[PDB]
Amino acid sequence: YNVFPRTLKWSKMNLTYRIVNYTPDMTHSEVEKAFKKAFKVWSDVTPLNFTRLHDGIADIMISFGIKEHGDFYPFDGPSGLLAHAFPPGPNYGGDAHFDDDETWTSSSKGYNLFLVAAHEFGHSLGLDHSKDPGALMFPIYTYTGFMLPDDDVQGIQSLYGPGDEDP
């Protein structure tokens, strides 16, 4: 027999993601690089591996949408809500949605896609919000010109372990 896990997390270390569609604001390459770097934040400190799929069903489906876009969390136009992601699980579990009424960038302007994605992927992997104002998982956007803060390291490692501690 098996009882359910005590904590919510992926039961496998190999995860896939798919960029379903793209924001007008950035090139396809810029978007891909931002998401690749955001996953690397987490894989660098765990045994997790992330592989991109171009099509089909991935664990973490990524999309840009506005207003009502297929879930119970409609976006709200410019400002306010920026993005959200679902905790590990089937279907919408793990998926990350970005409000395409925001301006997404690879700079300090607008909202930096890499930084927001790194936060959202923390949710995709099983972290909720942190009370440390300096944590990536703190629930308000700040721009930083990357080192994953220790609170986030401790949180993600509590779920998945550290992987190789010196890679």
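Residue indices: 1-based, along the sequence shown.
Compared against other deposited entries of this protein, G145 counts as often unmodelled, lacking coordinates in at least a third of those that resolve the residues around it. In the deposited entry, the stretch joining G145 to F146 is interrupted by 1 to 3 residues of the deposited sequence lacking coordinates. As listed in the deposited structure, the average C-alpha B-factor of 21 to 29 and of 7 to 15 is greater for 7 to 15. Between the stretches 129 to 137 and 59 to 67, it is 129 to 137 that shows the larger average CA temperature factor. Among the modelled residues of the chain, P87 sits in the middle third by CA temperature factor in this PDB entry. The deposited CA B-factor of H123 belongs to the lowest third of values across its chain.
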